[PDB]
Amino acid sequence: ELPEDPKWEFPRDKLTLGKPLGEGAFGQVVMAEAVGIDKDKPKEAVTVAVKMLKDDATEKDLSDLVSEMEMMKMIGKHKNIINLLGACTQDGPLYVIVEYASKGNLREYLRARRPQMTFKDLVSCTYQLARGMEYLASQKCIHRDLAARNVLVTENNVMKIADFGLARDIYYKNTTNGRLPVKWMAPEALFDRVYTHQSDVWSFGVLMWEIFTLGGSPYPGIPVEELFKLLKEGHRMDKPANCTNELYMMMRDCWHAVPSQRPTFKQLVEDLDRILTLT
């Protein structure tokens, strides 16, 4: 039932599934070996990650996995985003083949290095993620689910933005009864059901907070049900212990009530470049 797309199709006999990397909401991800998936090296086997449906998959899971695949097709290549490598869509189960990150997600990566991480490492991480998001915004893509659990870390410690299941090509009108994680969402997205690049910028501020707390959970002790009201009233998180004033002012700026008053990803890249260049 899935229409052909030769540019992205990859032969099943060149794909060898291996160890499971983890299951989530609507699917499963497994490590695999793909032979010749790098066209400029057709005989090499490269370790990749494959996203597929589970046995208890719903019809919605299938269209979601397809929709996620289609987003990643139009996004483009970049060092700081998990990139689509290919797909097996014909004569069998849907396999979405993406770059493999051996060190898992940033949240767990940071939590397991709690006392090891230097301050500059954290600034580097933040810088890389700002770059991925700058590129992403330049492709007119809003992520809508930016968070530490959705960043993946490679063997060489490159930060890669992942999980494009909620990403959209663009204002955008969010649906009522939202499917966006509340603690990472800008007030516009939550209250006005609108989404812009500046909405991702707010999420990035929460991402910054996660990074400098070495994987802390945002708005600790505050139930999701009460968070809506507090944000209206101007509630914001505290400065993490391991954070300069400069970097804290950056977070607070990403958390400006007025979207146009928040920095752009290009601005954040500029500032983070400067801060990294020192340090």
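Residue numbers run from 1 along the displayed sequence.
- The entry models residue 194 and residue 195 with no unmodelled deposited residue separating them.
- The entry shows a gap from residue 115 to residue 116, with 10 or more unmodelled residues of the deposited sequence in between.
- The stretch 175 to 183 shows the higher mean C-alpha B-factor when 175 to 183 is compared against 78 to 86 in the entry.
- As recorded in the PDB entry, 186 to 194 is the stretch of 87 to 95 and 186 to 194 with the greater mean C-alpha temperature factor.
- The entry lists C-alpha B-factors for 38, 238, 253, 70, and the highest of these is at 38.
- Sort the chain's modelled residues by C-alpha temperature factor and residue 107 lands in the middle third, per the entry.
- Per the PDB record, residue ranking by Cα B-factor puts residue 156 in the highest third of the chain.
- Ranked by C-alpha B-factor against the other modelled residues of its chain, residue 51 falls in the lowest third.
- Split the chain's modelled residues into thirds by C-alpha temperature factor. Residue 219 is in the lowest one.
- Ranked against the other modelled residues of its chain, the C-alpha B-factor of residue 168 as given in the entry falls in the middle third.
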